[PDB]
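Only one chain comes next, encoded as structure tokens, the form deposited in one PDB entry.
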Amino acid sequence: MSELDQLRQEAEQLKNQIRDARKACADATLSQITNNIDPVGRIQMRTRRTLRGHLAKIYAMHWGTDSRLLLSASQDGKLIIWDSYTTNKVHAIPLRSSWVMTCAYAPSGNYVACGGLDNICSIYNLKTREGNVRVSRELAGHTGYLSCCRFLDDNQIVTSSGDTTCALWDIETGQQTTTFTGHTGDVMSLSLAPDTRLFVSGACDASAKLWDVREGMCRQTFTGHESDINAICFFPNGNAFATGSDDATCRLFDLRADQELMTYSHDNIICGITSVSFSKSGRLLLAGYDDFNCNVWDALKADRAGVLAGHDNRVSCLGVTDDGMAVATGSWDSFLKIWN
């Protein structure tokens, strides 16, 4: 007869070995070094634009590289590409599922993508104008819902899934070029490194994994949360990233250190974090909570610097433009807003 119980121990002893290697470099926390740094002024952003057009809860949004066009996915089975400066709608795309978990904007503006409980990643060419009937490519493959997706360029997109996987696709052939396996639970979100050579992913196993795109494998596995990681975001310089989880904390992970540099939490905060995004300089970490609230964290000092949208319980998702000029918020009341 066979046995795997022993094989279950080498994993734990190895994990135990990595814990120590990490504990040997944990001399001090980020907050220690930033103790003398002045706290930022109370951050108070104002609504400048209100985007009207959706007829249901906004599930996800994503800014276009020009920091002006943005796409929003809603429970109304629609994808809308907006001109944020004028609040005008540029395109409107009818989807087949109301259950859209994510949407992406190709850095070129030629394409936009989205997917959800359909387990598929649909791509829309905005140039050939597929607004009414066409759907460039439907990326079938995942055996679980499509949690997130981000374009590397026009012929390459990376997706995360509830099937425990992440995949790199060639848009032209429509084949799962690469498959990133390793997580033991549902992949909830991913974040591309600025250089797009690397990317990171958060999952329900409570771990974030750094993956090499060109190479096709996991470089490292971060841990610390005892709960599901629901959101992840790369830091502007590519050497770190932040995570948000069901454990009501956000954590700053440094790649070179292979461990958390800081945690952001407050006793008064008890809901899971489902949205994290950095300001342009990375001084600010904005977190969106399951109760629809959003807190602005001073990434250096680990104290709350402010509140986005006055705790009106109206934020369902958010995003910061590349130029770091504005933040967008989606809402369950069907409206999107832009804050400065």
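Note that residue numbering begins at 1 and tracks the sequence as displayed. Basically, rigid core = biggest C-alpha set you can superpose within 1.5 Å across the two forms.
We do not show the form deposited in another entry, though everything after this point is about it.
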- From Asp153, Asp258, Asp170, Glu130, residue displaced between this form and the one not shown - CA threshold 2 Å or more, rigid core: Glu130
- On a core-based superposition, does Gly310 travel 2 Å or more at its Cα between this form and the one not shown? yes
- Query: How does the C-alpha distance between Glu130 and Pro107 change in the other form compared with the present structure, closer or farther, given a change of 3 angstroms or more?
  - Reply: farther
- Message: Thinking of the 3 angstroms or more shift, are the C-alphas of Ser160 and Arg314 brought closer or pushed farther apart in the other form than in this view?
- Response: closer
